[PDB]
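One structure below.
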Amino acid sequence: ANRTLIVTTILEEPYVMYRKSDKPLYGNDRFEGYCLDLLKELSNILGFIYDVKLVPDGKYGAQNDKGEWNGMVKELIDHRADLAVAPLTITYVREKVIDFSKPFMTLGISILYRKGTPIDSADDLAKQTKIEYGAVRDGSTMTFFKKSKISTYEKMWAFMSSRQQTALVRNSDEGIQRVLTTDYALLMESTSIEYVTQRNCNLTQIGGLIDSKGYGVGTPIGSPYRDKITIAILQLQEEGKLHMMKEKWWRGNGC
Ligand SMILES: N[C@@H](CCC(=O)O)C(=O)O
């Protein structure tokens, strides 16, 4: 009409999940989560309708050695989506190829590991080999270590990229499973660490935030919607709604 916006996203708890129901669920009704509530509110403010699709390869997006992007980032580059509404990290390398709204949530890389060990920081992980560590393949944390010029992070990258078949995981669910079943520490964004540690009293963040950043809504470069989505996010912040959405999905999870 009124064209239907195509939204690309990625299943990731509590941001985007399949809703569980006894009755059959069709289309957007199949999904729930922080990012779906946010999408609803954005569409309430900006007056659009949308069709939610998953990223075909189930990846956030990274650029390979040939310079090629994948994941949700590539979906925007190739104009197969109008918006990525996902816990999608705003980074300088991504900003060269796609546009981002202002952040709807802030976070930094930290460490997820079990409690009760002498590991207090990234340095404690870097100076040893017994405890394996790593990150989600082709996300921004993996890229942060790959591009880092800080020694300890450089040393950590050499370790994870040499052990990449085991050290790099396909998604955060696998990384948490590795932390649970095996001797492994996950480099993970702090908002997700928070979600996990609230649900398993054996797990903890180790050390503080290794960087500081945000999740934003992605659009193709030059999109007219990017600024409009910023304005809508600023209204939700002003209304306290970003706070209530976070509380809803983190502490009192679900509907
Ligand atoms: N939010 C990250 C994914 C998770 C991670 O890389 O730690 C991204 O946009 O790539």
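Letters A, B, ... go to the chains of the structure tokens in the order shown; residues in each chain start at 1; ligands are counted from 1 in the same order.
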Which parts of region 132-249 of chain A does DSSP call alpha helix (DSSP H) when run on the backbone here, written out as a PyMOL selection string? chain A and resi 140-147+151-162+164-167+172-181+190-197+225-238+241-249
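Taking only C-alpha atoms, the non-local environment of residue 82 (chain A) within 7 Å (same-chain residues fewer than 6 positions away omitted) comprises residues 5, 6, 7, 76, 219 and 220 of chain A.
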With N, CA, C and O atoms retained, could you export that selection as a PDB file, in the first residue's frame?
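again_6.pdb, freshly written:
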ATOM      1  N   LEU A   5       7.262  -3.390   5.395  1.00  0.00           N
ATOM      2  CA  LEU A   5       8.697  -3.453   5.625  1.00  0.00           C
ATOM      3  C   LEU A   5       9.131  -4.882   5.896  1.00  0.00           C
ATOM      4  O   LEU A   5       8.439  -5.641   6.553  1.00  0.00           O
ATOM      5  N   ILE A   6      10.257  -5.256   5.338  1.00  0.00           N
ATOM      6  CA  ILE A   6      10.820  -6.578   5.607  1.00  0.00           C
ATOM      7  C   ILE A   6      11.842  -6.384   6.717  1.00  0.00           C
ATOM      8  O   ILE A   6      12.757  -5.548   6.594  1.00  0.00           O
ATOM      9  N   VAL A   7      11.679  -7.149   7.800  1.00  0.00           N
ATOM     10  CA  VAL A   7      12.574  -7.067   8.964  1.00  0.00           C
ATOM     11  C   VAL A   7      13.415  -8.336   9.020  1.00  0.00           C
ATOM     12  O   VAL A   7      12.893  -9.465   9.010  1.00  0.00           O
ATOM     13  N   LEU A  76      21.081  -6.511   4.677  1.00  0.00           N
ATOM     14  CA  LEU A  76      20.814  -5.080   4.480  1.00  0.00           C
ATOM     15  C   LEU A  76      21.588  -4.568   3.274  1.00  0.00           C
ATOM     16  O   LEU A  76      21.018  -3.924   2.409  1.00  0.00           O
ATOM     17  N   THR A 219      19.853  -0.522   8.965  1.00  0.00           N
ATOM     18  CA  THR A 219      19.133  -0.258   7.731  1.00  0.00           C
ATOM     19  C   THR A 219      20.193  -0.261   6.615  1.00  0.00           C
ATOM     20  O   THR A 219      21.368  -0.066   6.896  1.00  0.00           O
ATOM     21  N   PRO A 220      19.778  -0.435   5.328  1.00  0.00           N
ATOM     22  CA  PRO A 220      20.710  -0.186   4.233  1.00  0.00           C
ATOM     23  C   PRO A 220      21.251   1.256   4.318  1.00  0.00           C
ATOM     24  O   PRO A 220      20.552   2.180   4.777  1.00  0.00           O
TER      25      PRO A 220
END
CA of residue 148 (chain A) and CA of residue 98 (chain A), how far apart in Å? 21.7 Å
At a cut-off of 8 Å and counting only C-alpha atoms and all ligand atoms, what residues surround ligand 1? Please answer as a list in words.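 Within the 8 Å cut-off, the matching residues are residues 59, 60, 61, 62, 86, 87, 88, 89, 90, 109, 135, 136, 137, 138, 139, 140, 141, 142, 143, 171, 172, 187, 188, 189 and 215 of chain A.
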Keeping only C-alpha atoms, write those residues as a PDB file, in the first residue's frame.
ATOM      1  CA  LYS A  59      24.782 -15.015  11.624  1.00  0.00           C
ATOM      2  CA  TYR A  60      25.112 -11.409  12.838  1.00  0.00           C
ATOM      3  CA  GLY A  61      27.660 -10.499  10.223  1.00  0.00           C
ATOM      4  CA  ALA A  62      31.332 -10.321   9.667  1.00  0.00           C
ATOM      5  CA  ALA A  86      18.077  -7.629  16.539  1.00  0.00           C
ATOM      6  CA  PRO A  87      20.655  -7.303  19.249  1.00  0.00           C
ATOM      7  CA  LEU A  88      22.917  -5.972  16.539  1.00  0.00           C
ATOM      8  CA  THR A  89      26.130  -4.272  17.681  1.00  0.00           C
ATOM      9  CA  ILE A  90      26.936  -0.853  16.237  1.00  0.00           C
ATOM     10  CA  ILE A 109      32.012  -7.358  25.905  1.00  0.00           C
ATOM     11  CA  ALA A 135      33.245 -16.147  21.106  1.00  0.00           C
ATOM     12  CA  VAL A 136      30.407 -16.540  18.641  1.00  0.00           C
ATOM     13  CA  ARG A 137      31.854 -16.946  15.124  1.00  0.00           C
ATOM     14  CA  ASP A 138      31.052 -13.977  12.817  1.00  0.00           C
ATOM     15  CA  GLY A 139      29.678 -11.636  15.472  1.00  0.00           C
ATOM     16  CA  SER A 140      31.179  -8.328  16.713  1.00  0.00           C
ATOM     17  CA  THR A 141      32.993  -9.911  19.744  1.00  0.00           C
ATOM     18  CA  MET A 142      34.925 -12.235  17.461  1.00  0.00           C
ATOM     19  CA  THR A 143      35.766  -9.232  15.270  1.00  0.00           C
ATOM     20  CA  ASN A 171      25.702 -19.119  18.454  1.00  0.00           C
ATOM     21  CA  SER A 172      25.409 -18.028  22.104  1.00  0.00           C
ATOM     22  CA  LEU A 187      33.356 -13.729  25.632  1.00  0.00           C
ATOM     23  CA  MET A 188      29.850 -12.414  25.571  1.00  0.00           C
ATOM     24  CA  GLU A 189      28.029  -9.081  25.609  1.00  0.00           C
ATOM     25  CA  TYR A 215      22.701  -2.227  19.886  1.00  0.00           C
TER      26      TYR A 215
END
Two-atom distance - CA of residue 163 (chain A), CA of residue 134 (chain A) (Å):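 So the answer is 8.9 Å.
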Hey, can you check how far CA of residue 183 (chain A) sits from CA of residue 211 (chain A)?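 Pair CA of residue 183 (chain A) / CA of residue 211 (chain A) returns 24.5 Å.
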